[PDB]
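Visitor: Sharing a structure below in structure tokens format, with a few things to ask.
No Cβ is skipped: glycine too gets one built from the backbone with ideal geometry, and neighbour counts run over all protein chains shown. No lab work stands behind these numbers, since they all come straight from the coordinates.
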Amino acid sequence: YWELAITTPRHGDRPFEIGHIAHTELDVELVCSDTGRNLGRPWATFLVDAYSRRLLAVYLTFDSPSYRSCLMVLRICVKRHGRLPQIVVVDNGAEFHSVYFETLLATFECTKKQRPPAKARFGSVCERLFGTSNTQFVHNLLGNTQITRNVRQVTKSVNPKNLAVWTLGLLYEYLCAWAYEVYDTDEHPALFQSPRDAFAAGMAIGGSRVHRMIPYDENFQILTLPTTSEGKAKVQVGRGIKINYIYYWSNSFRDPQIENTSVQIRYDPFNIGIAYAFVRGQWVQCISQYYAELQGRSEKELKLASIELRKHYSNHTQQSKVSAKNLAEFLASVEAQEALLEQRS
Amino acid sequence: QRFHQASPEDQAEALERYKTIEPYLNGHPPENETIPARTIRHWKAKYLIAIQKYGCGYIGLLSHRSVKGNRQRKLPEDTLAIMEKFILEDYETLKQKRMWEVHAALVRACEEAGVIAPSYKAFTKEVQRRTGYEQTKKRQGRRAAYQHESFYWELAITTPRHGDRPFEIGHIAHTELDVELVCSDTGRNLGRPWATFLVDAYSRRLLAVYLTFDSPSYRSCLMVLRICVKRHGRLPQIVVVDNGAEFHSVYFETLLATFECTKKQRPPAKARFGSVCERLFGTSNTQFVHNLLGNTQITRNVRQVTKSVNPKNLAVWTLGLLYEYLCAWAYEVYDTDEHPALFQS
Amino acid sequence: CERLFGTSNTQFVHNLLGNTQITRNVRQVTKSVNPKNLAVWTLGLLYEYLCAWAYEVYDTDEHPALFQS
Amino acid sequence: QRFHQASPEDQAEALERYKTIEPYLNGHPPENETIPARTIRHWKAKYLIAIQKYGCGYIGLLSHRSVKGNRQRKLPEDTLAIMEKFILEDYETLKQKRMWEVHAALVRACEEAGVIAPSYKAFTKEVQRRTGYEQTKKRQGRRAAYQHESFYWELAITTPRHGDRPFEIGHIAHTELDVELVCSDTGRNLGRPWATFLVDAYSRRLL
DNA sequence: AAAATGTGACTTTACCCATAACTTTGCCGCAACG
DNA sequence: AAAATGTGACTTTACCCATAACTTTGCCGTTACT
Ligand SMILES: [Mg+2]
Ligand SMILES: [Mg+2]
Ligand SMILES: [Mg+2]
């Protein structure tokens with residue numbers, strides 16, 4: 001499309017005006033920080049300023065993209081800046097539709113513009129950003145899943161499953177260093193400067209706008225939490241509510257009429273020692289079994305541990321096939337021997 | 001706090017209010033609005049008041065539907081007191097009276113007292129609101145209320161419950177395998193054998209497995225400890241045993257003293273203190289024991305046992321083969337099987 | 001006939017001390033709840049009250065299958 | 001028979017179609033009709049077709065949703081046959097094996113035979129299709145399967161089950177009363193007394 | 001005379017995916033009236 | 001060598017009547033603007 005007249009800019013006239021949210025699956029393998037077993041490949045969420053091509057915030061998770069994978073990048077952006085873009089643009093579908101994302105946006109007077117069905121030309125800048133990220137950082141990492149594009153050529157000598165040594169924390173540090181220091185200072189060919197310099201100039205022209213300042217307190221943290229697919233849970237006796245195979249407990253569950261009742265839940269994906277439930281018309285904190293084991297730890301590693309444990313639980317749920325196979329082999333010879341011993345008698 | 005008092009559907013309704021108001025707060029009202037003028041005016045006025053007082057207008061749009069509702073009791077207070085007394089002194093008793101008879105007695109007492117009698121639904125609803133430790137202990141006893149026990153949830157991090165390292169906390173437990181065993185020479189019914197387990201509570205690993213027909217005594221502990229020393233080389237640092245008389249003896253205590261073994265004693269009728277090995281007994285039952293001829297599963301309800309399905313006439317296994325296959329299970333199948341709370345075998 | 005046993009359980013027998021009701025769950029029995037230490041009834045009085053129930057309590061009670069006592 | 005093939009939801013939908021078409025059948029069509037013209041015309045045409053070649057035209061407005069669906073089995077036939085055989089010969093057996101172990105054995109056999117292995121949910125769902133008397137008798141025994149045995153439902157007037165008059169059919173049965181008794185004099189426990197009941201089947205009166 | 005051990009293998013709802021099967025409904029022609 | 005007995009007492013939903021504690025509306029008074 002060609003812009004004959006001078007309409008509203010597609011990139012913006014000042015920073016933070018349009019924040020494009022996009023997602024990519026890294027061509028890399030990640031192992032546990034305590035065992036070394038290959039978890040898999042992660043998902044990164046990039047929030048890029050359309051005006052300055054600056055990566056304001058990033059989010060790392062092992063899950064497929066959805067509203068929880070962008071509320072996280074929004075809260076990270078608020079953590080590092082304290083303001084939200086007035087036009088936070090997200091994707092269409094059902095994984096990006098919820099009732100807490102839009103409530104968060106309506107709290108701070110923000111506007112949401114979803115993509116049209118199967119048309120990403122509005123966020124076409126994110127496509128080149130993903131290409132640059134893959135061809136500048138991702139493909140330059142040991143054990144990158146570059147040969148996985150040709151499954152027929154994936155030999156055990158060059159298999160990234162037994163090659164990559166990258167971990168969630170170390171690769172997170174490397175990704176942040178590449179995105180916020182190398183990319184943020186490297187000149188972009190679009191506007192002909194570095195993203196940081198363009199952002200500084202745009203903020204100088206547009207001021208600070210202190211009315212959009214948000215205090216990064218605990219209330220905001222609860223304001224930016226996702227919810228499981230069902231949205232409710234059953235209160236078991238003495239145990240609590242199950243979220244991602246973890247039982248979160250609150251003393252409010254001791255009420256006789258709340259037992260085994262369906263209660264609305266919310267889960268923090270940056271720490272798994274704390275969730276929230278709705279009891280007696282009040283949101284109440286629920287403590288898991290990972291709270292004592294992670295009491296006294298800063299928030300800069302709680303999220304790493306939580307994501308790693310989530311992926312570990314998913315892989316354990318996947319291990320049931322091998323468990324059943326071994327049980328079947330053992331039981332087969334039990335039967336064999338049993339039949340032989342009966343025939344002997 | 002006002003926000004945190006609301007519910008998810010309150011969030012949705014306040015969001016609907018916000019999307020109704022926002023076009024009016026942008027100078028571009030819609031040409032087709034279902035909401036009338038007065039309602040949108042009220043919502044806009046509340047938005048303005050909230051944005052002019054609390055610094056955030058969305059809080060004005062909250063409904064807080066939990067605050068509305070008739071939380072007042074409808075029965076007279078004398079009836080409530082008399083029904084509470086009857087529940088306390090005629091239903092929570094060591095008689096297990098049915099609800100109908102105690103309700104009838106309550107109604108007769110009410111009719112003598114001249115107070116308004118309640119309905120059977122009222123009695124059932126107030127009995128299901130007093131459920132818990134008190135009811136189960138004043139009805140069936142302490143061993144039945146033990147299922148309705150409050151768990152222990154760690155706020156701070158004491159010494160870990162299952163172990164900081166292997167061979168730190170190890171559990172001893174006996175049981176009788178639900179399988180009828182036959183003799184290897186004369187082929188008569190030898191009854192059900194007894195299996196004793198020594199489990200490393202950290203990795204839940206079966207350190208030692210022993211099987212013998214005799215009732216548990218110091219001989220079983222002797223054999224299990226000798227097996228544990230033979231297979232690995234060292235006894236567990238803290239041996240956790242139950243209050244059985246075979247552990248409160250003179251041989252076991254001096255045996256543990258000789259090898260610098262801290263002996264821990266779980267309180268009587270509190271099996272949760274051995275939640276690792278005891279659950280592993282059920283794992284053995286479902287994975288190896290209950291898949292064998294003569295599995296005394298039907299005998300749980302002896303009313304359904306027939307001479308054709310009595311396991312005694314079906315018994316085929318001997319002691320040696322059952323022990324050797326249970327050892328094969330313990331040291332290879334459960335050994336290599338991945339664990340939930342361990343993320344590896 | 002057989003269900004008339006169960007009614008005798010609910011209306012007369014399970015509402016007495018020392019009833020053998022909690023022994024269905026043998027795994028949950030303690031010396032403080034054993035009916036052999038709580039029992040106080042005798043054969044004569046138990047028979048007398050069972051006859052009373054069967055002859056003037058259940059006898060005058062309306063039946064669902066007859067719409068009459 | 002078409003009416004007998006209808007559901008209450010299908011009946012309500014037919015009622016809605018009739019209420020939509022009724023103004024068009026009286027010369028007073030409404031000026032506010034949300035339903036498009038093509039559907040109204042099709043409903044009217046089928047109304048006339050039914051009133052012509054059936055006898056009543058309402059019966060031409062029946063949906064019969066029950067026929068719709070994909071009942072074709074999605075698993076390969078060899079997979080079926082193997083899983084039938086394993087459910088027959090490794091689950092309903094005098095072992096009371098759990099479903100996970102039998103599914104694992106079936107999966108191992110399928111991988112030996114080079115066929116598709118059904119998921120665990122499929123195994124549980126088909127096992128749930130075999131419930132009743134046969135499975136309970138082939139797993140627990142004839143005593144346990146007796147609950148789901150059968151009810152003999154009277155078609156004609158045979159001799160009544162519970163007699164015709166008092167003192168016609170009386171049942172005799174004994175039981176062990178669930179009550180402990182102490183000795184009258186010495187106070188020692190004596191056990192649980194036995195109760196013998198003779199009761200007529202007509203008036204239920206404990207004889 | 002006295003505080004601190006639930007647990008994990010197995011099974012079951014729930015959401016998505018593909019296809020069969022009846023009903024909708026805009027896009028076009030065709031007969032009838034002004 | 002073989003027909004042809006499930007009950008019913010004691011619970012648990014499920015719907016209706018009453019009232020609290022607010023949202024949801026119309027309607028009229030008031031006021032800025034033309
Ligand atoms: Mg034991
Ligand atoms: Mg047992
Ligand atoms: Mg009895």
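Visitor: Can you give me the distance in nm between label points at A:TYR313 and D:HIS148, each placed 7 Å from the Cα along the Cα-to-Cβ direction?
Guide: Each label point lies 7 Å from its Cα, and together they span 3.5 nm.
Visitor: While we're on this one: Counting only other residues whose beta carbon sits under 14 Å from that of A:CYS110, what net charge do I get with K and R as +1, D and E as -1?
Guide: For residues surrounding A:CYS110, the net value is +3.
Visitor: Which longest run of chain C has no exposed loop site in it, a site being trypsin sites (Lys or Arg not before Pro) in a DSSP loop with at most 12 other beta carbons within 10 Å, and the site itself not part of the run?
Guide: After excluding every exposed loop site, the longest remaining stretch is C:32-69.
Visitor: Further question on the same structure: Calculate for chain B the 222 nm mean residue ellipticity that helices alone would give, adding -39,500 (n - 2.57) per DSSP H run of length 4 or more and normalising by residue count, nearest 500 deg cm²/dmol.
Guide: -10500 deg cm²/dmol
Visitor: I need two numbers for the protein assembly as shown: Rg to one decimal and Dmax as a whole number, Cα atoms only, in Å.
Guide: 36.5, 115
Visitor: So, one more: Whole-Hz Karplus ³J(HN,Hα) for the stretch D:56-72, in order, using 6.51 cos²θ - 1.76 cosθ + 1.60 and θ = phi - 60°, x for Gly and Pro?
Guide: Result, rounded to whole Hz: 9, x, 4, 5, x, 10, 9, 8, 6, 5, 5, 5, 4, x, 10, 8, 5.
Visitor: Tell me whether the stretch A:55-100 comes out rounded, prolate or oblate; compute the Cα gyration tensor, take square roots of the eigenvalues as a ≥ b ≥ c, and use a/c under 1.5 as the rounded threshold.
Guide: It comes out oblate by the Cα gyration axes.
Visitor: Can you sort A:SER157, D:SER119, A:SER98 from fewest to most other Cβ atoms within 10 Å of each residue's own Cβ?
Guide: The fewest-first ordering by Cβ neighbours comes to A:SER157, D:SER119, A:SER98.
Visitor: Further question on the same structure: For a Förster distance of 51 Å, can you work out the FRET efficiency between the beta-carbons of A:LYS112 and A:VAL237, rounded to the nearest 0.05?
Guide: 0.80
Visitor: Would you kindly state the longest site-free stretch of chain A, with sites defined as chymotrypsin sites (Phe, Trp or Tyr not before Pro) in a DSSP loop (not H, G, I, E, B) surrounded by at most 11 other Cβ atoms within 10 Å?
Guide: The segment A:3-191 is the longest one with no such site.
Visitor: Here is a follow-up. Rank A:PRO189, A:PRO42, A:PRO116 by mean-square fluctuation in a GNM of chain A with C-alpha springs under 10 angstrom and give only the top-ranked residue.
Guide: Of A:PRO189, A:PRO42, A:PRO116, the most mobile in the Gaussian network model is A:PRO189.
Visitor: Let me ask something else. Loop only per DSSP, at most 16 neighbouring Cβ atoms within 10 Å: give me the trypsin sites (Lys or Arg not before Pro) in the stretch B:100-130, ordered by residue number.
Guide: Answer in residue order: B:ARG129, B:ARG130.
Visitor: Let me ask something else. Name the long-range amide H neighbours of A:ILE87: under 5 Å, sequence gap of 5 or more, or other chain; modelled H, no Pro or chain starts.
Guide: When sequence neighbours closer than 5 places are left aside, the close amide H contacts are A:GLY19, A:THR111.
Visitor: Name the GluC sites (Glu not before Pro) in the stretch D:134-207 that are in a loop by DSSP and that have at most 15 other C-beta atoms within 10 Å, would you?
Guide: D:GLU149, D:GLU154, D:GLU168
Visitor: Treat each spin label as a single point 7 Å out from the Cα along the C-beta direction, and report the A:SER333 to B:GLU33 distance in nm.
Guide: Calculated label separation equals 7.8 nm.
Visitor: Sorted from fewest to most neighbouring beta carbons within 10 Å, what does the list A:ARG297, B:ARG303 look like?
Guide: Fewest to most other Cβ atoms nearby, the residues stand as B:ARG303, A:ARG297.
Visitor: So, one more: So which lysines pass the test for B:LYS44, namely a Cα distance under 24 Å, with those fewer than 8 places away in the same chain ruled out?
Guide: Partners within reach: A:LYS112, A:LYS113, B:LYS19, B:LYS53, B:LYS68.
Visitor: Once you order the gyration tensor axes a ≥ b ≥ c over the Cα atoms, which shape class does the stretch D:42-117 get: rounded for a/c under 1.5, otherwise prolate or oblate by comparing a/b with b/c?
Guide: Taking the square roots of the gyration eigenvalues as a ≥ b ≥ c, the stretch D:42-117 is prolate.
Visitor: So what are the ³J(HN,Hα) numbers for the stretch B:286-298, from phi and the Karplus equation (6.51, -1.76, 1.60; θ = phi - 60°), rounded to whole Hz, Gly and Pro as x?
Guide: So the J values, rounded to whole Hz, are 6, 8, 10, 6, 6, 10, 9, 4, x, 5, 6, 8, 5.
Visitor: Next question, about the same structure. Taking the stretch B:175-221, which chymotrypsin sites (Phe, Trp or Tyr not before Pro) meet the DSSP loop condition and have no more than 13 other C-beta atoms within 10 Å?
Guide: Answer by residue number: B:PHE213.
Visitor: Would you mind checking which residues have amide H under 5 Å from A:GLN114's amide H? H placed 1.01 Å from N; only 5 or more apart, or other chain.
Guide: Correct list: A:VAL90.
Visitor: Now for a different question. Taking a spot 7 Å from the Cα of B:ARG279 along the direction of its beta carbon, which residues of the stretch A:234-258 have an amide N less than 20 Å from it?
Guide: Inside the label zone: A:234-250.
Visitor: Summarise the partner chain shielding of A:318-324 as one whole number: the mean count of Cβ atoms from other chains within 10 Å of each residue's Cβ.
Guide: Averaged over the peptide's residues, the number is 5.
Visitor: Okay, next question. Residues of the stretch B:74-91 with backbone nitrogen within less than 20 Å of a virtual label 7 Å along the Cα-to-Cβ line of B:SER119, please, listed as ranges.
Guide: B:74-84, B:87
Visitor: Say the dipole of chain B comes from +1 at the beta carbon of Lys and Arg and -1 at that of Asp and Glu; which of B:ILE172, B:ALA122, B:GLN11 then lies farthest toward its positive end?
Guide: Ranked along the dipole, the leading option is B:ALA122.
Visitor: Going by alpha carbons, how many degrees (0 to 90, nearest 10) lie between the helix axis of A:124-136 and the longest principal axis of chain A?
Guide: So the helix axis and the longest Cα principal axis differ by about 60 degrees.
Visitor: Here's another thing I want to ask about it. Can you give the Rg to Rh ratio of the stretch B:153-225, both from alpha-carbon atoms, with Rh computed by the Kirkwood formula?
Guide: Computed over Cα atoms, the ratio is 1.17.
Visitor: Cross-link list A:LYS321/D:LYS121; D:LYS74/D:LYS121; A:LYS242/A:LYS325; D:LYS97/D:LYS137; B:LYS230/B:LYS263: which exceed 19 angstrom alpha carbon to alpha carbon?
Guide: Where the Cα-Cα span goes over 19 Å, the pairs concerned are A:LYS242/A:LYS325; B:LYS230/B:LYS263.
Visitor: Using modelled backbone amide H atoms (1.01 Å from N, in-plane), which distant-in-sequence or interchain residues come within less than 5 Å of A:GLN282's amide H?
Guide: none
Visitor: Sticking with this one: Answer rounded, prolate or oblate for chain B, using the Cα gyration tensor with square roots of eigenvalues a ≥ b ≥ c: rounded when a/c is under 1.5, else prolate when a/b is larger than b/c, else oblate.
Guide: Taking the square roots of the gyration eigenvalues as a ≥ b ≥ c, chain B is prolate.
Visitor: Between the stretch A:1-36 and the stretch B:21-71, what is the C-alpha centre distance in whole Å?
Guide: Their Cα centres are 34 Å away from one another.
Visitor: Let me ask something else. Tally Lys and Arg at +1 and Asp and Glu at -1 over the other residues with C-beta under 15 Å from the C-beta of D:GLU92: what net charge comes out?
Guide: Once positives and negatives cancel, what remains is +4.
Visitor: Could you compute how fast the stretch B:264-340 diffuses translationally, taking Rh as the Kirkwood radius over C-alpha pairs and applying Stokes-Einstein at 10 °C with viscosity 1.306 mPa s? Give it in µm² per second.
Guide: 107
Visitor: Spin-label point model (7 Å from Cα, Cβ direction): what's the B:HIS42 to A:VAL151 distance in nm?
Guide: Each label point is offset 7 Å from its Cα along the Cβ direction, giving 6.0 nm.
Visitor: May I pose another question? Mean-square fluctuation check for chain A, GNM, Cα pairs under 10 Å: which of A:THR317, A:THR145, A:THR185 is largest?
Guide: For chain A, modelled as a Gaussian network with Cα springs under 10 Å, the answer is A:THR317.
Visitor: Rounded to the nearest 0.05, what FRET efficiency do D:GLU111 and A:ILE87 have when you use their Cβ-Cβ distance and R0 = 60 Å?
Guide: Once the sixth-power term is evaluated, E becomes 0.65.
Visitor: Additional query: Could you work out how far helix D:99-113 tilts from the main Cα principal axis of chain D, as a 0 to 90 degree angle to the nearest 10?
Guide: 60
Visitor: How high is the relative contact order of chain B, in percent, with contacts defined as C-alpha pairs under 8 Å that are six or more residues apart?
Guide: 12
Visitor: Place a point 7 Å from Cα of B:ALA156 in the direction of its Cβ. Which residues in the stretch B:258-279 have their backbone N less than 15 Å from it?
Guide: none
Visitor: Sticking with this one: Quantify how strongly other chains surround peptide B:60-67 by giving the mean number of their Cβ atoms within 10 Å of each of its Cβ atoms.
Guide: Neighbouring Cβ atoms belonging to other protein chains average 1 per residue here.
Visitor: Relative to the first principal axis of the alpha-carbon coordinates of chain D, what is the inclination of helix D:8-21, with its axis defined by its Cα atoms, in degrees from 0 to 90 and to the nearest 10?
Guide: Long axis of D:8-21 versus the principal axis of chain D: about 20 degrees.
Visitor: Right, something else. Comparing A:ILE287, A:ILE205, A:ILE87, which has the greatest mean-square fluctuation in the GNM of chain A with Cα pairs linked when under 10 Å apart?
Guide: In this elastic network of chain A, the residue with the biggest mean-square fluctuation among A:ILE287, A:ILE205, A:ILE87 is A:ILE205.
Visitor: Follow-up. Which whole-angstrom value gives the distance between the alpha carbon centres of the stretch B:117-158 and the stretch D:141-207?
Guide: Using only Cα atoms, the two centres lie 36 Å from each other.
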